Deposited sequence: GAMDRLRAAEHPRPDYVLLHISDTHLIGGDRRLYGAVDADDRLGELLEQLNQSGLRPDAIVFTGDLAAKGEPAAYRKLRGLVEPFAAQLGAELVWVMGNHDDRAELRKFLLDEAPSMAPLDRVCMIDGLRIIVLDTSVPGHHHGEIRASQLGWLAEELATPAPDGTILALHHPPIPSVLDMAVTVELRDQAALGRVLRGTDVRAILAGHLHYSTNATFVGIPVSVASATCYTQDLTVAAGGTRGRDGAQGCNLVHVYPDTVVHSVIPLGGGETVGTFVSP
């Protein structure tokens, strides 16, 4: 059975200035390059840079872009709590610096990938602004031919650890009312630094662990398969 789409789900790389998460990610990219995988997209669900440093984004971009271009894969970057919106826009995206949420829509043929920004500047918990929910609702009003993958950092999933509660995504009910009954087929997330899956308003949520392995995502006609790659 050939899947309709193949996605690489990587998260929590936590790169720093430079003096380690650098080598851990290099080895991963090298492994996946030698596996012969040819993904349609590579989605990085947040905490890309450990302290949101400019030097870390330039480093990340230099490691990842040759990898993605060789595979012909689309790159999909997501904000995490440790990232800085302005520095990410400047040094990773080549866009004008802004503190506005990093929200974006990306079509892979018939597959829609929506990037949402659950980060809260200067803070570690997650939250989604009313403006973002309106944006998302408007976007989801039109269905994609192959449905939608939602990509964000803070997963809408109960915190199974005490430590995780204080940095969880807040006000999940509101995101739930927007997502319910839409063509969202899967939610890709990070933040937890261990592999987890659950549903949120009937939609499967898959959290990839930290790089500092990853997940393979096979999109089939009637299901989405997530495989944990150690």
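Trainee: Without any C-alpha position in the structure, which residue ranges of the deposited sequence would you list, numbering from 1?
Mentor: Unobserved in coordinates, per deposited numbering: 1-11, 31-37, 231-249, 268-280.
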